[PDB]
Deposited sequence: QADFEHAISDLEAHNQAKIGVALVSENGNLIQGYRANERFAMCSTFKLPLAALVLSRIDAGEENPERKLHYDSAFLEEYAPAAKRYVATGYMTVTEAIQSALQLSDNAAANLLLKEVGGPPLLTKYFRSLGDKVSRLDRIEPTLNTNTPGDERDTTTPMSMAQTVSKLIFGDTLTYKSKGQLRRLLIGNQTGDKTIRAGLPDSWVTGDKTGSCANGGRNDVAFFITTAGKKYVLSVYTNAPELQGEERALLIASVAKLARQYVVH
């Protein structure tokens, strides 16, 4: 069974693995450590992008709005922001695309400023019925034992993402935009979607975090038209990076045994 298979993976890789596979409507299909906390150092950007789109939906923001910043605002991993910084700004749209598809840290910080900071994103999680996920600090500060700051659970994240991608909190327009952006993610070619058939439509947001953290949350649609979200959080400090991605792809190959192909 699923729980024994993931346990075997933990023991073989000296890793901690948390995973939830949920239906289109957020209902759990299989999981393993599904209600344990993991650091949410990058995957928070997915719900962050959705908050920004929902502000646009409500007329409180628009896509072409210029988010001003200078070199002091740069972070160590900010490939897009470093290219645009001489101009003085990134638009809302550029920052959303960069934070999602490149996991650009300065772009994510721009979007955090836009929405009112970590507390307003936490309020957004709560508003969507996610009682667990919380963001407290900005990049890269958000990345000790017992500290619940900047954490999610595999279940909370899968459920949240399922609501954003497949539910009705975003308009049809925004939901389409968010999905197309996630499909075009550039950082997830070796993670969850490497463990799924290539004919399935898949979009994802990855993360790489302290203590050997390598995470991915994806939506996918099988050739039968059946829609799912898979969250995978891993800590495998003895594995190399290519091996950590392969571990996530292995988890997805296990989880897909439980979906209608």
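Visitor: Take the full deposited sequence, match it to the modelled residues, and report the stretches without C-alphas.
Guide: Missing CA coords at 1-2, 146-147.
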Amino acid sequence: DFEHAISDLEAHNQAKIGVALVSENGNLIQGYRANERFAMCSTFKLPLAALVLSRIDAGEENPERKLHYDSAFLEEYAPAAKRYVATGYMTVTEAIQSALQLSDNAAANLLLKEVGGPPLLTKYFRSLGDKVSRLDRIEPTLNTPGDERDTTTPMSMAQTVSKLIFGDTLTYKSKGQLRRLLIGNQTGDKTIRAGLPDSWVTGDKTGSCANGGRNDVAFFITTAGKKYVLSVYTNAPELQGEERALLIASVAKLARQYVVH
From here on, numbers count along this sequence of modelled residues.
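In this text, the rigid core denotes the largest set of C-alpha atoms whose superposition between the two forms falls within 1.5 Å.
Visitor: Aligning on the core, I want to see which stretch wanders more in 4 other deposited structures of this protein. Is it 162-170 or 145-153 by C-alpha RMS?
Guide: When 162-170 and 145-153 are compared in 4 other deposited structures of this protein, the bigger C-alpha shift is seen for 145-153.
Visitor: If you average the CA temperature factors as listed in the entry, which stretch comes out higher, 119-127 or 151-159?
Guide: It is 119-127 that shows the higher mean C-alpha B-factor.
Visitor: Mind pulling up the entry and telling me whether 165-173 or 184-192 has the higher mean Cα temperature factor?
Guide: It is 165-173 that shows the higher mean C-alpha B-factor.
Visitor: Quick one: which of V229, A34, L46, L53 shows the highest Cα temperature factor in the PDB entry?
Guide: Among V229, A34, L46, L53, the highest C-alpha B-factor in the entry belongs to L53.
Visitor: If you compare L28, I221, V217, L67, which has the highest Cα B-factor in the entry?
Guide: Reading the PDB entry, the winner on C-alpha B-factor is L67.
Visitor: Can you tell me whether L239 has a C-alpha B-factor in the lowest, middle or highest third compared with the other modelled residues of the same chain?
Guide: Tercile = highest for this residue's CA B-factor.
Visitor: Mind checking which third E94 falls in for C-alpha B-factor across the chain?
Guide: Middle third by C-alpha B-factor.
Visitor: What third of the chain does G203 rank in for C-alpha temperature factor, lowest, middle or highest?
Guide: It belongs to the lowest third of the chain when residues are ordered by C-alpha B-factor.
Visitor: Would you check the entry's CA temperature factor for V22 and let me know if it's in the chain's lowest, middle or highest third?
Guide: Tercile = lowest for this residue's CA B-factor.
Visitor: Quick check on the deposited entry: does the C-alpha B-factor of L102 sit in the lowest, middle or highest third of its chain?
Guide: Its C-alpha B-factor, which the entry lists for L102, ranks in the lowest third among residues of this chain.
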